[PDB]
Structure formats: structure tokens, C-alpha cells
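Chains as they are written, first to last, in the entry's author numbering: chain Pa, 5 to 58; chain Oa, 53 to 189; chain Ob, 104 to 154; chain Na, 58 to 223; chain Nl, 170 to 223; chain Nb, 170 to 223.
C-beta atoms are modelled at their ideal positions from N, C-alpha and C, and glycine is treated no differently.
Taking it in order: structure first as C-alpha cells, then the write-up.
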Amino acid sequence: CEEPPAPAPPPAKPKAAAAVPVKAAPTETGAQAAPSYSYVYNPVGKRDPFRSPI
Amino acid sequence: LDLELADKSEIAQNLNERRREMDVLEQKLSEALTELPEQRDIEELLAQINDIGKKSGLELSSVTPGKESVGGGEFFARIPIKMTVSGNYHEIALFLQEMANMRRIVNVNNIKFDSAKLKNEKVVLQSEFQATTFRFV
Amino acid sequence: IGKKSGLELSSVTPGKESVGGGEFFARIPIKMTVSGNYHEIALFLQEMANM
Amino acid sequence: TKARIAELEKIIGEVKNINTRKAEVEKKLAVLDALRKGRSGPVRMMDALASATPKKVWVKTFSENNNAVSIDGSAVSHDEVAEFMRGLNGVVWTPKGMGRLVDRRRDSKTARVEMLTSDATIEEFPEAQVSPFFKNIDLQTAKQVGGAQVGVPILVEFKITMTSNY
Amino acid sequence: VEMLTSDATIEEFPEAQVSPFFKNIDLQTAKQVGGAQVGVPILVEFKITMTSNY
Amino acid sequence: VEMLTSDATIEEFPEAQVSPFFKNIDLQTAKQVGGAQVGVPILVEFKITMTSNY
Numbered sequence: 005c006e007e008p009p010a011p012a013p014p015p016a017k018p019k020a021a022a023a024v025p026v027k028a029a030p031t032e033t034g035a036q037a038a039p040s041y042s043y044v045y046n047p048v049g050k051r052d053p054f055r056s057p058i
Numbered sequence: 053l054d055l056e057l058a059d060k061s062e063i064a065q066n067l068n069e070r071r072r073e074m075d076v077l078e079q080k081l082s083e084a085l086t087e088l089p090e091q092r093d094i095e096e097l098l099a100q101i102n103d104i105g106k107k108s109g110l111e112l113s114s115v116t117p118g119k120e121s122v123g124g125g126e127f128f129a130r131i132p133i134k135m136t137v138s139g140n141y142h143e144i145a146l147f148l149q150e151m152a153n154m155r156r157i158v159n160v161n162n163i164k165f166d167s168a169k170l171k172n173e174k175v176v177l178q179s180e181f182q183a184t185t186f187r188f189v
Numbered sequence: 104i105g106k107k108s109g110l111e112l113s114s115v116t117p118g119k120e121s122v123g124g125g126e127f128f129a130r131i132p133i134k135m136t137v138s139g140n141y142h143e144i145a146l147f148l149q150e151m152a153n154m
Numbered sequence: 058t059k060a061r062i063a064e065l066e067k068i069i070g071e072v073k074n075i076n077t078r079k080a081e082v083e084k085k086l087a088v089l090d091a092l093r094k095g096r097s098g099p100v101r102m103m104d105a106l107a108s109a110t111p112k113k114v115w116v117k118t119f120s121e122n123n124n125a126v127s128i129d130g131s132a133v134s135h136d137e138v139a140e141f142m143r144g145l146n147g148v149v150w151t152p153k154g155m156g157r158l159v160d161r162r163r164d165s166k167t168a169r170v171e172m173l174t175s176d177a178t179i180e181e182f183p184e185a186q187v188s189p190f191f192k193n194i195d196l197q198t199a200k201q202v203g204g205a206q207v208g209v210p211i212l213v214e215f216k217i218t219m220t221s222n223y
Numbered sequence: 170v171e172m173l174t175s176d177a178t179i180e181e182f183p184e185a186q187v188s189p190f191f192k193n194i195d196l197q198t199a200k201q202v203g204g205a206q207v208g209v210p211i212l213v214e215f216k217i218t219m220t221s222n223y
Numbered sequence: 170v171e172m173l174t175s176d177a178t179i180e181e182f183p184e185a186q187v188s189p190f191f192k193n194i195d196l197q198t199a200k201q202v203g204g205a206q207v208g209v210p211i212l213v214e215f216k217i218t219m220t221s222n223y
């Protein structure tokens, strides 16, 4: 077995240890978006109508 | 071991940033082919459509899925969803803009709406929006 | 602030973020719909403007 | 070690497979959003005129009665019809009166686009407003007409009735 | 062809639309006629009534 | 300016007062008119009816 901590070099858990931290997964997953936004809008208006009809 | 554990978190975070954006553009154009589950991304789409409908004040009278468009792409089967909600013009523009600001793949396209009251005695607009997500083949 | 002003909040409706409303910020507008007395709506407004 | 290193070669294989397809997507799409403007175009606004000033390729019918105007139109989407409807007014309409002009629209006897709902007589309560000169009763109808293989409109056909001011 | 339902007078409310010029009332009927050993149609016989625009 | 609510005949009970000479019935309406790309008002259009004193 391994004891309270193990023996002393530490033993061996730099390799168990290191190629753990962690599982990894790595869970290459669950990201989030800013999305993006569109822009508005082209006029100046023109008259024919509606000046005469009001 | 300990450096590899750094690589795992780095690349998992890069995966999350993918999903976050590669999905979103799977709505814009659409995106890759797929790894896709999207089996774990359709019922959440229906649920979030219901939520944005509720917070916009609309009565969701009917949500109807579609058939996948077997000839709608070589790298993707498009599933369309036809949504049917009723309320005010401000509230349906709201519902639409919220679905168009979502983090998921609901590309709304052909829209319609009309006055649902026969006699026309109170203001009310039944609205039917078509919005689709693109699963893989 | 609507309740302590005595107004009935008939509807609060969020908006869409204004994707073209700024380079450094997305503006989310909120349209609020409350009913009551003129004194009470001026009150509601001034309280939201002192928040 | 050899387990999780393999895990990571796979997860980064994903992240790259990922990152290269995204750049083709943004681009293909930007093309698609230019093209949707290229199908709204031949129907919408800038595209037949002759100075880009409105109304342009535009809105359809106009008919007045010196108290209200019952218009008939077409817009780009849920957006420019929203810009147009905002520029006027928004109303809770209630007791509508039925008149012989409605049936003349059902009869086709008064020439119009019977995509349209009818009517032009009611009592209006303001919801929102922008033009102090215009009391729009409501966006009476709106239907996005797609077209066919012979050609597009794709735009949103609509109908509005509005009593002005004066 | 009294495969067909009848009628041509009613009051219509829009559900969906594509032709701004056409108000179809409904696909009044549709029946897939198979045929016999003397010959086929196999197609779907149908009936529609539609008030145009103008 | 049929931005305006109508009317000018009713029965009034005082809530608050400042001019002993004026009995305002109510701020009959008020709508902030924004304008367009051709120009602003941005102000709040309104309508009031008031019976004076004397």
C-alpha cells in the first residue's frame, strides 16, 4: 500500500502525481458566447406625399 | 504528470470556448460537419424557447418540430421548428430578438403574424415564426 | 420601488441587447409598464433615477 | 502519464479540428448575409432607384379618406417594419365597426392585395407613440412572402391603418 | 369529380401564407387513388378553393 | 394635434393644489416624441384641460 504520506522521495507520485492533476478529462466543452450584434439603419425620408395629403 | 495536467485544463477550456462559438455560428451559416451530440441540445432549445416566450409575456399556443432536411445539406441535417405564440407586437418582436440573441442554434427565418380575434374587439396578434437548428447527417 | 410607490406593475418586459449600440458594451433595454396616479408615476421614475 | 497525455493529444486534436472550421464558417456566412441582402435587394429599397430615397421598391398601396389612411405595404423583415411601426404609433384598439367597404374588399370590388386584413373603423387607446402627428391603429397584418423558383420577394408583406393629425 | 368535398363560401383567418396574392381557404380534400389491375394512378387526388387578390 | 386625448366636460375632486386660481382636471395625456433621422423633438408632448377661477 501507500502510507499516511507514502515513504520519502516522495516516492514515485511525481509521475502518478503529475500525469494525474487530474483525470484531466480534459472536458473540452462547455463554452459561452458574447454572440455578436447587427447595426441600424439607413434613412433620411423623402416627400411627395405626405405633405399634400395632410 | 503535472505538466500534462496543465495541458488538460488548457485544452478543456479551449473546447468550451469552441462549443460557445462554433455552435453559435452553426446558427449563423452553420458550421462544421459535427462531432455533435445535439441529442443533448434540442430539448434545451425547446425549453429555452418556452422560457424566452414566458418572460416576453406570450402564450405559447403550439411548438411543432419538423423533419430533418435530408437534402438540405451534405454535412448537416436541418431540423426546423415552427413556433406559435400570441400576444402584443412589442412582445413578439421581443420574443424574436431574444431567440436571435440566444447562445444556441435557432436561426429564425420566415415570420408571420395576424390578428387572432374574429370580430376584432381587442388587440391580439397570433404569431408563427419558423426557426431551425442544424444537426449532422 | 413600484410597490412602495403604490403602482400596479402590469408588465415588465426585457429587451434585446443592442449589438450595434456600442463597441465596449451591449445595452439591454427594459420596458416597464405600471399604472397609478401622476404623483405616483413621477415618484416611481424619480426613485428609479435615484437608484 | 501516458494515459492523460493521450487524452490531451485527443482533446487538442479536437480544438484544432475546431479552430480551422470556424474561420471558414464566419466567411461562408458573411457571404450568406450578403446574399440574403442580395435577395431582399431586388424587392426591398435601394435597388431600383435612382437615388436611395424612400419610398423605394418599397410599400404597395395608399388610400385615404381625409380622416385616416389605410395603407398596404412590404418591408425587409421583422426589423424595418418594426422601425416603420415604431416611427408612428402603437395602440390598444377595441370596439370595431363593420362597414360596407370591408365586404367590398372581400368582394374584390375595391381593387386591393387581399393578403391584407380589412377594416378602417374603430376606437383606439395609445400604448406607445413616436410621431405626435400620427395615431396608428395597429400593424393590421404581416406575412413574409417567400416566392418561388421563378423569383423572390422574401420580404414581409404588411398592412397598417393610421389616422394622422389635424 | 365527386371524390371532392363541396362548398365555396366561408370566412377565412390566415394561419400561414406564401403568395401575397392568394388566400387559399384550405386543402378541402385529398385521397390517394391507387387504381386496379387495369392500370394505375397511385397519385393523391385533391381539392382546393382559393380566393386570389385584386 | 390628435396625439391628444379628447374631452372637456366632467366633475372634479381636488387631490393637490398650488394655484388657488386654477382647477386643472388632469394631465390628460403625455407622450415623449423622439423624432427621426430628419430631426428631433425628443420632448414630451402633452395635453391638459383646466377650468380657471372667477
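Within chain Pa, partners of residue i - CB distance below 7 Å
| i | result |
| --- | --- |
| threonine 77(Na) | The premise fails here: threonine 77(Na) is roughly 15 Å from chain Pa at the closest Cβ pair, so nothing lies under 7 Å. |
| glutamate 121(Na) | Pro57 |
CB contact check: residue i to chain Na, cutoff 7 Å
| i | result |
| --- | --- |
| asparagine 153(Oa) | no |
| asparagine 193(Nl) | no |
| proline 13(Pa) | no |
| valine 175(Oa) | yes |
| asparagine 162(Oa) | yes |
Cβ neighbours of residue i in the same chain (closer than 6 Å, five flanking residues each side left out)
| i | result |
| --- | --- |
| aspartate 104(Na) | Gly98 and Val114 |
| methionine 74(Oa) | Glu83 |
| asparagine 146(Na) | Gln186, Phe191, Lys192 and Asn193 |
| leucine 112(Ob) | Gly105 and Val137 |
Reference residue i; option with closest CA among the options
| i | options | result |
| --- | --- | --- |
| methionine 102(Na) | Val133(Na), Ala177(Na), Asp90(Na) and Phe119(Na) | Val133(Na) |
| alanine 99(Oa) | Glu69(Oa), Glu73(Oa), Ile133(Oa) and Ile144(Oa) | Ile133(Oa) |
| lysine 171(Oa) | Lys166(Na), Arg162(Na) and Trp150(Na) | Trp150(Na) |
| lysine 192(Na) | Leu92(Na), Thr167(Na), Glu66(Na) and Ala125(Na) | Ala125(Na) |
| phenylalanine 127(Oa) | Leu81(Oa), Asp54(Oa) and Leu53(Oa) | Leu81(Oa) |
| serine 188(Na) | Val88(Na), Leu158(Na) and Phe141(Na) | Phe141(Na) |
| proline 183(Na) | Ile69(Na), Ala107(Na) and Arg143(Na) | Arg143(Na) |
| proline 25(Pa) | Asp59(Oa), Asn66(Oa), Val160(Oa) and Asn68(Oa) | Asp59(Oa) |
Other residues of its chain near residue i: CB distance less than 8 Å, five sequence neighbours each side excluded
| i | result |
| --- | --- |
| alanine 199(Nl) | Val213, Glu214, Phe215 and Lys216 |
| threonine 174(Nb) | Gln197, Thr198 and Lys216 |
| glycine 204(Nl) | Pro210 and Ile211 |
| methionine 172(Na) | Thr198, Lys200, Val202, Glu214 and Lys216 |
| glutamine 206(Na) | none |
| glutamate 120(Ob) | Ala129, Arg130 and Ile131 |
Contacts that residue i makes with chain Oa (C-beta to C-beta distance below 8 Å)
| i | result |
| --- | --- |
| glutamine 206(Na) | Per Cβ cutoff of 8 Å: no residues; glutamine 206(Na) is ~15 Å from chain Oa at best. |
Listed by chain order, chain Pa residues near residue i by CB distance under 8 Å
| i | result |
| --- | --- |
| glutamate 126(Ob) | Within 8 Å Cβ-Cβ: nothing; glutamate 126(Ob) doesn't reach chain Pa, min ~10 Å. |
| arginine 92(Oa) | The contacting residues do not exist; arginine 92(Oa) stays about 11 Å from chain Pa at best. |
| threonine 58(Na) | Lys19, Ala22 and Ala23 |
Proximal residues of chain Pa, C-beta to C-beta of residue i below 9 Å
| i | result |
| --- | --- |
| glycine 123(Ob) | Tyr41, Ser42, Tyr43 and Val44 |
Under 7 Å from the C-beta of residue i: neighbouring residues of chain Na
| i | result |
| --- | --- |
| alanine 28(Pa) | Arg61, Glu64 and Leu65 |
| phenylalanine 215(Nl) | Within chain Na, no residue comes near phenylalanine 215(Nl); the closest Cβ sits about 19 Å away, beyond 7 Å. |
| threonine 218(Nl) | By Cβ distance, chain Na contributes nothing, its closest Cβ being about 14 Å from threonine 218(Nl), past 7 Å. |
Per-residue contacts from residue i into chain Ob (C-beta, under 9 Å)
| i | result |
| --- | --- |
| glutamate 73(Oa) | Simply none; closest approach about 15 Å. |
Residue environment, residue i, which counts as buried when at least 16 other CB atoms sit within 10 Å
| i | result |
| --- | --- |
| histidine 142(Ob) | exposed |
| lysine 106(Ob) | exposed |
| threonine 184(Oa) | buried |
| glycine 139(Oa) | buried |
| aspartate 195(Na) | buried |
| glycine 208(Na) | exposed |
| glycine 130(Na) | buried |
| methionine 154(Ob) | exposed |
| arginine 92(Oa) | exposed |
| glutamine 36(Pa) | exposed |
Closer than 7 Å to chain Nb by CB, residue i
| i | result |
| --- | --- |
| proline 47(Pa) | yes |
Per-residue contacts from residue i into chain Oa (C-beta, under 7 Å)
| i | result |
| --- | --- |
| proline 99(Na) | Correct list: empty, because the minimum Cβ distance to chain Oa is about 18 Å. |
| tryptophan 115(Na) | The premise fails here: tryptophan 115(Na) is roughly 19 Å from chain Oa at the closest Cβ pair, so nothing lies under 7 Å. |
| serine 114(Ob) | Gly109 |
| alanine 37(Pa) | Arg72, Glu73, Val76 and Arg155 |
Distance cut-off 6 Å: residue i Cβ against heavy atoms of the ligand FAD
| i | result |
| --- | --- |
| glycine 204(Nl) | Looking at this structure, you won't find the ligand FAD or any other ligand, since it has none at all. |
Minimum Cβ-Cβ distance from residue i to chain Ob less than 7 Å
| i | result |
| --- | --- |
| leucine 110(Oa) | no |
| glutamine 65(Oa) | no |
Sequence-distant residues of the same chain with beta carbon closer than 7 Å to residue i, five excluded per side
| i | result |
| --- | --- |
| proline 117(Ob) | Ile131 and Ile133 |
Test: residue i CB closer than 7 Å to a CB of chain Oa
| i | result |
| --- | --- |
| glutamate 6(Pa) | no |
| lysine 107(Ob) | no |
| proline 189(Nl) | no |
| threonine 198(Na) | yes |
Cutoff 7 Å: residue i Cβ touching any chain Pa Cβ
| i | result |
| --- | --- |
| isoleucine 68(Na) | yes |
Closer than 9 Å at the beta carbon, the chain Nl residues around residue i
| i | result |
| --- | --- |
| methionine 102(Na) | What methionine 102(Na) touches in chain Nl: nothing, since even the nearest Cβ is about 17 Å away. |
Within chain C, the residues that residue i reaches when beta carbons sit closer than 8 Å
| i | result |
| --- | --- |
| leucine 57(Oa) | In summary, chain C is missing from the structure at hand, where the protein chains are Pa, Oa, Ob, Na, Nl and Nb. |
Partners in chain Nb for residue i, counting only beta-carbon separations shorter than 9 Å
| i | result |
| --- | --- |
| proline 183(Na) | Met172, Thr174, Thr198 and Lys200 |
8 Å Cβ cut-off: residues of chain Nl touching residue i
| i | result |
| --- | --- |
| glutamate 180(Oa) | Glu184 and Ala185 |
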